[PDB]
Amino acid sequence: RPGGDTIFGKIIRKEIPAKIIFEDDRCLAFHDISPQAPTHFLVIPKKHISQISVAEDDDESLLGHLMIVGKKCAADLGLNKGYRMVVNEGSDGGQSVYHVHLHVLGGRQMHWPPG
């Protein structure tokens, strides 16, 4: 099945519900079920890539598309004071779902360091 069978692949295929913000042929933006900020959503490719460390050179445009969609959705959600985008890789990065995803967090002051 296209997108794989991680939770995110299931969400892509509408097999598990999610609160969807934006969708096109390349990606899907939807709210995180365990938000860490007043607004916290995810932007994921529909193509299954397990983690950023194995992304191909030819995935550049797709990965950049995640960030463009991320910043457009943030504007559409009224995050006028800004926001933080996060990609987690592997264990030290805190990755728990092995389908590439961009976190977008806003609606509060984010602190430094970023975890």
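Note that residue numbering begins at 1 and tracks the sequence as displayed.
Per-stretch averaging of Cα B factors for 86-94 and 26-34 places 86-94 on top. When the C-alpha B-factors of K71, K46, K81, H40 are ranked from the entry, the top spot goes to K81. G3: CA B factor lies in the highest third for its chain, per the PDB record. In this PDB entry, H99 carries a Cα temperature factor that places it within the middle third of its chain's modelled residues. Residue-level temperature factors show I11 in the lowest third of its chain, judged at the C-alpha atom. Among all modelled residues in this chain, the alpha-carbon of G115 has a temperature factor (C-alpha) in the middle third.
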